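1. this one's a deposited entry, sequence included:
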Amino acid sequence: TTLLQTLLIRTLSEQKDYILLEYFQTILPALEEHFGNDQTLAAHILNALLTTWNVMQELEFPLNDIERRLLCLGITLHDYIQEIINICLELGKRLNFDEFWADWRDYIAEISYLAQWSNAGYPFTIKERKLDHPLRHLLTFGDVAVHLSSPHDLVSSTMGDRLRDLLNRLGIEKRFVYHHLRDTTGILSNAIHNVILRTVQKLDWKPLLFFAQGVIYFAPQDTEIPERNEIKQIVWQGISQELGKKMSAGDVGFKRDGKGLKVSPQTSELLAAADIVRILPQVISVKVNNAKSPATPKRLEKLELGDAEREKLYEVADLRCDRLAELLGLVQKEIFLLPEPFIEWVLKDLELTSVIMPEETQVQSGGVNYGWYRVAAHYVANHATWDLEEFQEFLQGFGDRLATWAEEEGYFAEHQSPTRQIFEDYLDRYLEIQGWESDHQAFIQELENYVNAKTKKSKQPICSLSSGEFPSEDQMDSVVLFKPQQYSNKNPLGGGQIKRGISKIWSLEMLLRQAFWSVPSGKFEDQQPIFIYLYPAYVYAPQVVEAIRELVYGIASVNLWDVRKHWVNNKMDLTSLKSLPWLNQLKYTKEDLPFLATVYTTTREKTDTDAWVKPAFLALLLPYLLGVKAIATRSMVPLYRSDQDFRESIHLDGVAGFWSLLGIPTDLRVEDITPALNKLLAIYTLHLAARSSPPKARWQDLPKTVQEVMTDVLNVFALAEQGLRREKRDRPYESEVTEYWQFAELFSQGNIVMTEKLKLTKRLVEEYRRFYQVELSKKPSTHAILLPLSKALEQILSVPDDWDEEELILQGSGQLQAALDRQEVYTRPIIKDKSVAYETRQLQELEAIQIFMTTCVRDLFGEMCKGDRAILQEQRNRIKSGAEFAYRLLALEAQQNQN
Amino acid sequence: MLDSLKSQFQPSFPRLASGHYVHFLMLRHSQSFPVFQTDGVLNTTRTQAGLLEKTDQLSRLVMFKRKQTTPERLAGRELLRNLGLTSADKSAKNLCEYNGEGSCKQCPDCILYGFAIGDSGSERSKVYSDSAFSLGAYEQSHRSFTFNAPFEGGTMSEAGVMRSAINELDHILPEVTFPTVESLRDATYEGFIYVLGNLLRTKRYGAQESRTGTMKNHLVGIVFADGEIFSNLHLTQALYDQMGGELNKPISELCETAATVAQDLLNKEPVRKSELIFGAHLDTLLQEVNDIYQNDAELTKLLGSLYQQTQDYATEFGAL
Amino acid sequence: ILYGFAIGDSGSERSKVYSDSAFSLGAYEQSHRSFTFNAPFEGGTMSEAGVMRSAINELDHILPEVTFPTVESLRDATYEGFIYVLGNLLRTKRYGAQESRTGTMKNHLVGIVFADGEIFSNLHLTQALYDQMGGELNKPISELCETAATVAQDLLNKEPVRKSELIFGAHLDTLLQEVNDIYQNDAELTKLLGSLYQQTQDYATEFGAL
Amino acid sequence: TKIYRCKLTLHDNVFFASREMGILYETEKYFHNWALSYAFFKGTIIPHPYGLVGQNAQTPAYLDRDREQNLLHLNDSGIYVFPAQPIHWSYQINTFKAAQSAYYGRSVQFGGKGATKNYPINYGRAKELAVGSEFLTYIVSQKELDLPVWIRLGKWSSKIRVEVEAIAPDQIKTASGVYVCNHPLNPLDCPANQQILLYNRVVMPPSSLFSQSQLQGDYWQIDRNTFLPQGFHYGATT
DNA sequence: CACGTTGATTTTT
DNA sequence: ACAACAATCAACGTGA
């Protein structure tokens, strides 16, 4: 199957949708061959088919099983009467209509009538125009619903008016309704969308169309639109509980550093003060885990503890001291406001009231709180019989004692909730359900905050990822996915505000990315992450959004070695890629639907080219497999939308310059993608031949491989020879001789001097092959193949620079004649052929040697190499490599065409 | 020459920009293997080959504004330190440091090329400039050279194990030309001699300047105007088209064809122009500025006045 | 300190010797030859079991009397630092690949110019020297060193550079002897270069790597 | 009254520090109106003080009559630039550095000792708009206007060729109703007698633009497929 | 503002 | 025969 077939057939449920499954089994793979290569006609027909099928489910009588087939065929033909029944015959058989139903040629009159009156000698088989009624109104609904551009385009007059009078003529008593979310922040935007979906289905709404910022629904006519103040509290509880359980499990909101365990500002809001202290024994059992070099001996050394106490501790210095010291540290640092009510508790809820005086537990410098590492090491020395797991069973009970004790005394605050308030205001600016009241935004506050961003009357920095229209706070190593503390143009110049700002909205989003992508905090940028965003061609059907869920949660981590292997095999037909296992019934049904469908690369090498090789391939590939539109960028913030973005199928924001050197456009139409994939796989299959090692692709050298291919096209054969040298193989396969030549013809395609040099290197060898032919079956050496060209080049290089071209032609042809007469007679095509008189064999040999030598001295040396021996000496090696590949190609072409 | 041009310039540095531009038209010729890199490759961009309506695109080397302005700028600061107008010592009253809080607010570099401390002052660069482009294609204009770094005992092996210290690096070739316009707003006469000084006196650019990267700045004309004249890209695309792509020409034919292409362009651009110093008037102007930069008394005088003018601007209108 | 460093902790230091790629005064075609080299078995033949070794290849080598004009430049030296760098220029004699077998050269210092900034490129001195000879490059090394001296002084009078001292000819072949007298004297050299060590160690503790 | 269709071609790479994420600084794909308004009319109309010092050196003067670098001078000149639509674009991500002017350099951590203040120490990557780009804007004025055929924009004062045509009275027409603007439009410059019904937004300093909007009010159909809001002026919402 | 301090990630047939 | 590099480019906390 194709990847698009594979994803789509999962979304169906056979008990009463089998006819749409017959289409995906047979017409769909032919559809994306003819129509697959702005917008693509295969993705238009697929969304049109699916949307009419979803409209059909509402009809109060079931459409006949014969008529469902007419809809499925008619909706494919619609992009183009005896003068049209033949254009239906040609196109149907190309599209394998036969396999959907063999019967179709009977109904071709109807199938052509639904795709464009009088019968013209072709009478309709379907009983009466009461069956053409639902068919024609279904077909004309899909082919306008898929041309909407935003959820508002059904309340805006341009296409929405006709969608209502169509639905009325279909007798459905449902009504179009929408949601839209104008502001598009990543996972938080996806969560908001999927909570509105999960809410409105309880009103019996059913989504009909999906867009990058929203949904259109068929919803009943007698339903209340959900209240603004209610979907606010629902969507906050959704996001705050889903992130809540993640912080409670410890995979987000906590970070280890040198001053001990830290907690994110938002953890302090989303968990009550009593919750965090009950979770700490489990987060230390995840975040405090270095058994190779734990903190306690390092901390105790800088305490200078001495006094014959040191050995009581040091013989038990272990990870199980750290975990307790880190817990006591974070509770002291964040939970209790004055220390003395709590140092007196821990020193008696543990048995250390005597050994350690209250004030000697607070010793610190630079926040490192050395004193608790002494406390923990006494409790761990006294109970030294424990292992790590029976210790964690202690510390879980110690935390729950601390939690209960703190709240019976009331020693912790009901901390503020600022991210709820700014999130309720984020919803009030940027979320709309159809029939909500709306206000003009006060953009003055967004300017006023910028005008003061570098002035003392701004308390926290302005957001680095947005405009600063919502309250912001300093970036944290435990919140953001990258370095918090680098130079900012937004912070005042020469000020002490060295940390950048983040909006409280983007702070939840970075934490949702830690929680739901499972990426590092403050360190994800060093994985060189490039993000591919799979935007719609305006509209997706519900089955396509389910298909894109099965992709973005299930896609295989690409390895280019076997993508190479399955394309040099299959003779470079790019259609082979359609069938490969790109993934790992639906399996991701519990995950949220991707409204902004993001997939990302991770690299461990340090260069920009090492980052881009998989994203650039995937960003061409997914539009070629699924008809989606891809933008590849380094930005964790996604691109803000407009109708100008859609004017190309792919964008690649700032590819390593190998892209531009190859002359591939950094934005591509659907007509450009198969040229581009051919050039990208051609450069990968040449780089993985030379400048690679079998386990190490060395993508840091792809800029050296491209610059050589572009400078002079014969380097394609110089690299093929290096690959033969690494593989320790003495000659290319028959496949390699046409592969590396189709690559040279591909990279030369636009250039006059390269097409001239590639035509010259063939002509050069095709000329000496008139008088010399070593048979490749005898396993000859690279030198034996190049005997006349090596003796031509050595002549040009050895003579004084004063001597004429017409002297070189004579001296070198003498050396060719002298060399040929020392080889065995079977190698000499003109002399071995006894059919003609001896002086005429001599005369034909002499003029064949002369014309070859004239091409070497006139065209190879004089014109191409500028008549300069320095410029020839640099090329001697690649001219030789190019001529060996030319000789083997001319021989492979001869041994075929001689039949 | 210089005695006639003294009328054109401002008599002292103005507060507001007045729209007097003196434009230096140059060909920067590569002399030994410069490396204009960022991100580990020679910087390149796709461009149209020339102005005459081509379908034909061309990858050309780009020398960014930073890569040419900073080597000019820093060659001025070391001259001012050698004249003793500024100092490197943290205990001196005329300290200037290139980027931090310790930047001066008075010296010629700070007023002509600008500074930004924060609230304690900033000044806009009066030397305007553009990113320069190779006249020919990247495929014609570069070569890649291997480097290695063995043990001092002459061997890639030490103690029986190999060093990983080999790689390629990418270099521009010893005849590649980068057509350039540098432009100076609202300058005093001595401000023009300081900046024109930097253009003629600095000689190395790009990475590895300790070992490579000499360029010859051939000045081709000076043009006094009410406004911005044309871009480096537009001059380069005009110059390629005047040659029809026969890029293999000697330095003096390439400079004289740039002098007539500059005048062909200046006639079309809508700004009024007071003076057009080209040819034998430029070669006498260049001799008359070379004569300042070779004389200890004359140069200490002019640059002393520049200092005073910029110290006076600083105290009257500048950052005090 | 003088030639710089950039590996590991404790920072990086820029070379105070500024150098540039040098060019042959003549064309490649008049200035090189390709020589075959082979490697037999010690038994004096290219076979050890009847089979061939085939260990035969070409390499290109620059001919004798091929001349490379160049300017080495030294910034911000002490007097002892000048004696060290100038010592390297007079005391080195092998350059290319395969030092063990090849690549001796004769450095004739033709001038020393004290300066407020950079003078001409290597390529520019080469293109001036070729024009002054008219391309008639088969002239003896004494005439070639005397032609380089007059073109270097012509070019220096066209450079926007204050020139404090211009040591050429009879003053330079005085100075070259006064520096040979350092490098042939065990006490004088130890003292001078020992002072340099202190100067460079004090630079290191005051401004450099501490 | 007069309207000029101005198309902007980048003759070198343009950078604005629109957003920052770790080592990466990036440029939004729309040129903000107020940036282009000073690029066109600063020195010709709006004053251009070479120096700043004080609060005036880090506080904008966009719409403050008390300061010289106002965009309000242009309200009185009867001129208004709209923001810029990208017709064709590309990005280059290029590193930039701090110079080691001294012979000895130590790589210092930002915020470390000797590095405790916000300055461009170390290095960063700028996502610039590239030479391979073309943008479209409109200037509307009440007087024939001597527009400069070259402008400079952004963090590095980068050259743009402006090629400009006055849209003649034979091909514009004036109307009023509900219209889809389809050009970018700045919400701060929106007067009374315009109201914004729908918008799609591009979040950007100093203030967000609309990339697409539906408006109710007066307009000029300047060619058969674009509709430009009439009566916009700098800061009209204040 | 100026002193002090020192843990983390997961992997490219 | 055998290497394709090698390093460096904060993130807070606390007291005055």
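-> Nice, I can see it. Numbers count the residues shown, from 1 in each chain, chains lettered A, B, ... in the order given.
2. quick check: residues of chain D near DNA strand E?
-> Counting by Cβ under 7 Å from any atom of the strand, chain D comes close to DNA strand E at D:112, D:116. For every residue, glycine as well, the C-beta is placed using N, CA and C.
3. can you give me the buried ones in the longest strand along chain D?
-> What stands out as the longest strand in chain D, according to DSSP state E, is strand D:209-223. Buried residues in strand D:209-223, defined by neighbour count with 16 or more other Cβ atoms under 10 Å in any protein chain shown: D:209-215, D:217-220, D:222.
4. how many neighbours does residue A:662 have?
-> 18 (other Cβ atoms under 10 Å in any protein chain shown).
5. so it versus residue B:59, what's the distance?
-> 10 Å (Cβ to Cβ, to the nearest Å).
6. likewise residue A:547?
-> For residue A:547 relative to residue B:59 (Cβ to Cβ), the value is 40 Å.
7. where along chain B do the helices fall?
-> According to DSSP state H, chain B carries its helices in the segments B:2-5, B:65-83, B:108-112, B:138-141, B:189-201, B:232-243, B:251-266, B:280-293, B:296-316.
8. no wait, the stretch 751-899 of chain A
-> Counting by DSSP state H, counting those that start in this stretch, the segments of the stretch 751-899 of chain A that form helices are A:752-768, A:782-785, A:787-798, A:805-820, A:829-832, A:838-854, A:869-897.
9. most tightly packed of those?
-> Across the helices of the stretch 751-899 of chain A, averaging neighbours per residue (mean count of other Cβ atoms under 10 Å in any protein chain shown) puts helix A:787-798 on top, at a mean of 20.
10. and it with chain C, contact?
-> Yes. Against chain C, helix A:787-798 shows contacts by Cβ under 8 Å from any Cβ of the partner chain at residue A:797.
11. what residues does the stretch 501-650 of chain A put near chain D?
-> Within the stretch 501-650 of chain A, the positions lying close to chain D (Cβ under 8 Å from any Cβ) are A:525, A:608, A:634-637, A:639-644.
12. what do you get if the cut-off is 6 Å, keeping everything else the same?
-> Contacts of the stretch 501-650 of chain A with chain D, taken as Cβ under 6 Å from any Cβ of the partner chain, map to A:525, A:634, A:636, A:640, A:642, A:644.
13. closest to residue D:67 among those?
-> Using Cβ to Cβ, residue A:640 comes nearest to residue D:67 of these, at 30.9 Å.
14. contacting residues for the closest one?
-> Contacts for residue A:640 (Cβ atoms under 6 Å, 6 or more residues apart in numbering or on different chains) come out as residue D:202.
15. element containing residue D:126, please.
-> Residue D:126 belongs to strand D:123-129 when assigned by DSSP states H and E.
16. identify the residues contacting that strand?
-> A:654, D:13-15, D:23-27, D:91-97.
17. among the residues you listed, name the ones in strands.
-> Per DSSP E, these map to strands at D:24-26, D:91-97.
18. pick out the residue of the stretch 201-320 of chain B closest to chain D.
-> Closest residue of the stretch 201-320 of chain B to chain D, Cβ to the nearest Cβ: residue B:231 (3.7 Å).
19. and the closest residue to that residue other than its chain neighbours, how many neighbours does it have?
-> Leaving aside its chain neighbours, residue B:231 sits nearest to residue D:11 (3.7 Å; criterion: Cβ to Cβ, 6 or more residues apart in numbering or on different chains). Residue D:11 is flanked by 24 other residues according to other Cβ under 10 Å.
20. residue contacts, residue D:11?
-> Taking Cβ under 6 Å, 6+ apart as the criterion, residue D:11 is in contact with B:231, B:233, D:159, D:161.
21. ok, 10 Å please
-> Neighbouring residues of residue D:11 by Cβ atoms under 10 Å, 6 or more residues apart in numbering or on different chains: B:47, B:130-131, B:133, B:230-237, D:131, D:150, D:158-161.
22. just the closest residue of the stretch 251-400 of chain A to chain B, please.
-> Residue of the stretch 251-400 of chain A nearest chain B, by Cβ to the nearest Cβ: residue A:366 (25.2 Å).
23. list the contacts for that residue?
-> By Cβ under 10 Å, 6+ apart, the contact set of residue A:366 is A:258-259.
24. how about stretch A:438-451 and chain B, touching?
-> No. Stretch A:438-451 lies out of reach of chain B by Cβ under 10 Å from any Cβ of the partner chain, never closer than 15.2 Å.
25. how far is that stretch from where the chain is centred?
-> On the basis of Cα atoms, centre = their mean, to the nearest Å, stretch A:438-451 sits 35 Å off its chain's mean C-alpha point.
26. for it, which positions count as buried?
-> Buried, per 16+ other Cβ under 10 Å, within stretch A:438-451: A:441, A:443, A:446-447, A:449-451.
27. for stretch D:127-146, same thing?
-> Under the neighbour-count criterion of 16+ other Cβ under 10 Å, stretch D:127-146 has D:127-133, D:135-141, D:145 buried.
28. just the CA atoms of the strand holding residue D:126, as PDB, please.
-> Output in PDB follows, covering the C-alpha atoms of strand D:123-129 (Å, rounded to 0.1, in the frame of the first residue of the first chain):
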ATOM      1  CA  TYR D 123      27.900  34.900  19.500                       C
ATOM      2  CA  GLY D 124      24.300  34.600  18.100                       C
ATOM      3  CA  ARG D 125      22.400  33.400  15.000                       C
ATOM      4  CA  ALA D 126      20.300  35.900  13.000                       C
ATOM      5  CA  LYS D 127      17.500  34.600  10.800                       C
ATOM      6  CA  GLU D 128      17.600  37.400   8.200                       C
ATOM      7  CA  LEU D 129      15.300  38.000   5.200                       C
END
